[PDB]
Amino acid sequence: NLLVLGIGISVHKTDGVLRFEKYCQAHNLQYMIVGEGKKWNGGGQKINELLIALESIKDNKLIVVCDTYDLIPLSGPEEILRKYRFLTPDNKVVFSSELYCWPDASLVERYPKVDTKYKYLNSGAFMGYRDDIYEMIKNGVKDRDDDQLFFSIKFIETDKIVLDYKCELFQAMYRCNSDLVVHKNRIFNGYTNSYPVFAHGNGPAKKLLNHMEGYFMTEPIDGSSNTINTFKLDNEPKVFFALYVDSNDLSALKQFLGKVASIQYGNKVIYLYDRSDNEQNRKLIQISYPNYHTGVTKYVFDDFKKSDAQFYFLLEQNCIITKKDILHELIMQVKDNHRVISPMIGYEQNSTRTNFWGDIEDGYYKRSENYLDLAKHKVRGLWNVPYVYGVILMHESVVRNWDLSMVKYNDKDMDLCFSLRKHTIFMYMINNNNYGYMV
């Protein structure tokens, strides 16, 4: 009765596609990921891989076709089918609407005139019968052709497409901040008076969807999650501790190593990466920590990749961990699209200054609407944020499969986060407990 075709063309899965899959599963939506396992080469490749997928669907199924990296469903098939039937009694293909006419601004005068601001087609989500969609795309396109232009022209030049002007099925979120609010585990659009099913953080609006993600749920919360706030795994995966130290500040080095040594975890290997090139501390340090390296000024992944460890645990010398069972606690949260997790810590004398950024502007720190709420623990959980620092747990499927060594901002911590953002790998801050402090 319904199949969702999510476009997810990549050799390795992004967190965007993993999040999409989790929300489909939560809402009982049957899906397939179009292009899974293939190399990405705009957006016409979406149409070409779609055509392949449709060729293998024999019968005339009702389908949704949608983006995955920046999009989640918030309801299930029953609501979707009610809305489709209302929107198009004669079974045409329904496309998302949006605020802007692109990529060809000259189509403005060829679109139907409407009272609403939601005037134009967005190709990132649509719904209709397999045969009808197949008929429109059956000749293929160029990989580097624009899929949005392709369908905009079809809308203007044929009677095959209807636009979702009232945002019943689909929401293109960009520049619609003032219309949207989180209410009862949904987005409500007060301009249209609707609860859109598919939330599309199109273009820069990935930041708004990622912001809202921490307020949605895929299942009711277990309110006893932290009633007992001690954690111990049944089976411990191997964790590679990557310690970024500076023996030029010997007092800080000693304080930090003492705290790391008190983290309770059996199945570990510890590497020290010292930015100093002065060899005078090697004898003393190596007695306790043989895997000691000097003159290191970048984050290092080669030792990890050559190991059999399952997790990379990055620790900076100015981050003091006091919660001894923290690795057990953190590993219990690594599932689905949660693969990079950073415990929230603040300066002792200044607890509003923490190791995460809630927002970013032109690459630098911006105060988000919920930053102070998070930093003061007014709400707790996992939070999709643009930058995390100094205490970072990463699953091997991130470190082994993606380039984390891209350069833009020169500072090692800013370039790690830049790399993750570029790959659609999400950083989750966690503030469930008192974990430590920065010095």
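A residue's number is simply how far along the shown sequence it sits, counting from 1.
The segment from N41 to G42 is interrupted, since 4 to 9 residues of the deposited sequence in that interval carry no coordinates. Stretches 337-345 and 285-293 differ in mean C-alpha B factor, with the higher average recorded for 285-293. The PDB entry reports B-factors from which the mean C-alpha value can be compared for 86-94 and 117-125; the larger average falls on 86-94. Taking the deposited Cα B-factors for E213, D132, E79, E316, the highest one is held by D132.
Taking only the listed residues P196, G190, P103, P204, the entry reports the highest CA temperature factor at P103. When the CA B factors of the chain's modelled residues are split into thirds, the value for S56 lands in the highest one.
Residue-level temperature factors show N226 in the middle third of its chain, judged at the C-alpha atom. Residue-level temperature factors show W402 in the middle third of its chain, judged at the C-alpha atom. Ranked against the other modelled residues of its chain, the C-alpha B-factor of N432 as given in the entry falls in the lowest third. For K154, the recorded CA B-factor ranks within the highest third of the chain. Only modelled residues enter the ranking.
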